[PDB]
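What follows is a pair of forms of the same protein chain, given separately as structure tokens and numbered structure 1 and structure 2.
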Structure 1
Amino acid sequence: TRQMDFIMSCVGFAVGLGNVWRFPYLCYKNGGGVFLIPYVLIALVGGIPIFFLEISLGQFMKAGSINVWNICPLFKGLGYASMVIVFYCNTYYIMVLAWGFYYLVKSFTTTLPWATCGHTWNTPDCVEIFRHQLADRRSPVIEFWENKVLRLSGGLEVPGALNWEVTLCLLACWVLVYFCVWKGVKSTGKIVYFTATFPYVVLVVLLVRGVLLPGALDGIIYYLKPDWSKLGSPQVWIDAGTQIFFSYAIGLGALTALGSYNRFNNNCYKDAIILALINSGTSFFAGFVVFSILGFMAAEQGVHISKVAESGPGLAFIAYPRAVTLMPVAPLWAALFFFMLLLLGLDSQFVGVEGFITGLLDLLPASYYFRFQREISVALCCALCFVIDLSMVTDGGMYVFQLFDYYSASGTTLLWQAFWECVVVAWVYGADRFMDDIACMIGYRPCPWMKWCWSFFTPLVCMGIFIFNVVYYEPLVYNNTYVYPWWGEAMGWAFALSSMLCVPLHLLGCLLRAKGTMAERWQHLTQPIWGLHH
């Protein structure tokens, strides 16, 4: 009967800010068309196989967080790594909401703030209507993004003064997150439909408008037709692989929990394929929506598409709000779009904080148990994350955000986590045995492509990307202007290492704390710990 409900659950987990904001920004940063080829290749070879692996593993083990790795306890540190990654997400992901929140609070006006060059934050280069020195001029959307919301400083060396307008919005977002996490709201219980169809509808509307703009065809062509000389650069491969591993929540421990929630005999293969296709399609649709507006902007200003908008994380706050200035009733559509953005970000933040706090409290001993341990733990986590984000709501804040975006919960971190997960499942545990278990779970034997991806294809893809980036290293640059100094990249590597060291350190600690020679230690510490069902 109501099979559609299940579908909504899928989209209720699939669409997020990694599709509407990160995918377009990454695509524009690496060039439109050339980014899709590694995207498709990694989605087929690394994305979907790891998606199915994680979902099936969670379903088979019937447990999420760190316990899922009881198939190979020696590598349980993998779970710890995930618990770190999600934490870092909760640190900087909320930042997007704050900026979005700001826009929403500025949306309810008679005329939109980012449509006039007669404000105080604007520069003398602000020109409302473009005509035929001609490069220094900046559109009012860019002025609002880089003069009021961000107040961008010279570089990461100059943090500057705290931005109170965005600080209060960030505090409001964190208080709302705490209130809903403490209440344990049944978000997307039955009204899932709206929370699962409000984005697409709005996006569909945007797409229609995005198509009816002169010069949008050039933007779409730039989005689709690739430049083949950019395939040799390993940066596009990092961006595509990590974007897939980010939008799919691969390595963050989300797919494992989702699998653990399902029934034992549920068709996890179909669920994984459907979820991956939904997520990729949403990313592609957001790509159309952004790039049509980008082509319109490039035609209007007369500059190239690659230089019209910011290659920094502000595309969702430059490409999307600009589109709103074209709709018949701009403030209404601004409020609607940023309300949808806020709802998506809040759902993702709620589930992330729920999972992180639940796992952290699980690992804590019974002696540490406070009276209101849930309330106090959520409050402490939110306060600590707000204190950390105080570094992102300063003038030199976006730079820090970039450091949290490229290096933390992305980049080589996700490659490391995915590679180790594939090695543990396929090699140490046994890919053949896991395939047999999935066959006995869901009935039919999956395609052998899954086994070949777990065993040799995906681990070698991750290792090859990692090696081609370590050998050919390019310092992180923000929006083609700010080349990061040595200490900024050192801090980024500090985040990456704080995430990636969980696996080797856990393995060494487990081996050292065991007894006997290394052979029997390895044999005993990798023995799976089966649950009651198995």
Structure 2
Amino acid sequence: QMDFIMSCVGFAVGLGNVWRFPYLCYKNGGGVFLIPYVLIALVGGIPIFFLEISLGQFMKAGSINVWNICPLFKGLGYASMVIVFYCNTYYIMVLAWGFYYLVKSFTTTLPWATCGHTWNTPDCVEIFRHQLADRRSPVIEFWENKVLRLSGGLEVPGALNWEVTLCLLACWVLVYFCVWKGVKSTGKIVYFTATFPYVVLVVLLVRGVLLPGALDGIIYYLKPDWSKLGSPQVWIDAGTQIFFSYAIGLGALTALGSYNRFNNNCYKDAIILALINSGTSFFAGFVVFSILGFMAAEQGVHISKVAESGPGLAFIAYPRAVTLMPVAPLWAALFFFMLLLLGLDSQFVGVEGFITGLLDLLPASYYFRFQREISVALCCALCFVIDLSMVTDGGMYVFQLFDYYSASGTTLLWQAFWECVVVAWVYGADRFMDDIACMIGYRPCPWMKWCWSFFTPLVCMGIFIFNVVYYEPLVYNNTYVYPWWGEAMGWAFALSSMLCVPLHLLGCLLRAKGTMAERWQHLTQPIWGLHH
């Protein structure tokens, strides 16, 4: 079906499946991460994915207009906008690093194959003997000393990195050119971009399985650690990983639903997209953890300490796989080209959605002469100004605050929980089921309304409560504990995303008159379109 490919290439299959899931699994521990993943996917992931798709189909509108079913909660739309903005702030940053790798890929010998270069510390060696626990692989040296120039901590920003600055600027001007032109990957390149990733990954997997110690890595990836289930860290990471990789709460899924026709088979669409996202994430995990197993066997250090536990694992594992290929530079170019294409597709969708939302928000009186190009130029420039913070020596640290807090973390649980509450307890789960039955003819499984009513909200609330009760300060690469101001800034992002719903609530309550009950009922009266 068109929806399948449109969503896959669009903003469903992307870095969140190839880059995010790997290091989330690595940080939480390989096997133990999978149980909350599948549990949330069956309980929170699939139901909310279906919710957003079919809500977009029903209302035939995206952005905030989709909440005309309950204008009193229209604030969720605003919240989504904020979230996607933060996403667009740091998502592109990954691309910059990837772009940098691509630029350094075109060489007879890859930069991260030998460590005899200038920036590499004397504590390195190309091949490892059976000092111990101190030697650093050339790939991590290239990732940190050169690509990142990682500083002591977030307290010290350091000197700006000009090469990554230029690469990020190139990514942003490319985003500007494509969004303004509206490339949309044509119609056949779409198909190519739908099938180009897996192919490359497949090759890696074959090489991945043909390595010493890849079995240890894969059993670490699969066999759960039953002790770790107690901590809420795994549950928050898995729930937010699904709500990120599925793009839950970012408003693009409602746009996908609106693009679809009213008479469409949305249930099978949602199930197959969930299966594709989960399977692509699982496949990327296969590749990454096979590579980690090979590195653990070759280093001699334990699997849990081989690579960086932060966002850089996808740039530690995947390039190493390329070094194992016969023609290394060609496969480096191919892999990083596919990664760049995936990121650009996702970022095009996100930036286009954000621009459409802003232009919808702004009244007709604020009609700029060049509103399209002016708006996209301002958004790109502002995002670049914010991104200058993540390019600095300590900038990687800020990226973590944009990863754990701005989009993922507590804010996504809050958004999804309020989604469930507004659609099920306010609008009416049974009435919504009747609407779905009218839309698609037949009726979905009762598991869906059970999930929306008192399963997904309860699970999200429980993870939230276990987080706040047993709060742990965020730690980067299990080495650097964040200070109170970094936590404060991350929570500033979190509250900026979360407060959109309660503040818009109080705003509507104040703008309304009379007794609280009657005005709350008036403001929550659904507003129907011409079709229904």
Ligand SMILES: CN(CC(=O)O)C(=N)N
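FYI, numbering is relative to structure 1, first residue = 1. So that the term is clear: the rigid core is the largest set of C-alpha atoms that superpose within 1.5 Å between two forms.
For the form deposited with the ligand bound, the corresponding chain is the one labelled structure 2. Checking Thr188, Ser455, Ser139, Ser408 for C-alpha shifts of 2 Å or more between structures 1 and 2, after the rigid core is superposed, gives a single hit: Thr188.
Annotation for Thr526: C-alpha shift under 2 angstroms between structures 1 and 2, rigid core superposed.
Annotation: Cα of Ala514 displaced by less than 2 Å between structures 1 and 2, core superposition. After superposition on the rigid core, displacement of the C-alpha of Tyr25 between structures 1 and 2 stays below 2 Å. On core superposition, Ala14 has its C-alpha offset by 2.8 angstrom between structures 1 and 2. Here the two forms are laid over each other by their core, and the C-alpha of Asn267 is off by 1.0 Å between structures 1 and 2. A C-alpha shift of 1.6 Å is found for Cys117 between structures 1 and 2, based on superposition of the rigid core.
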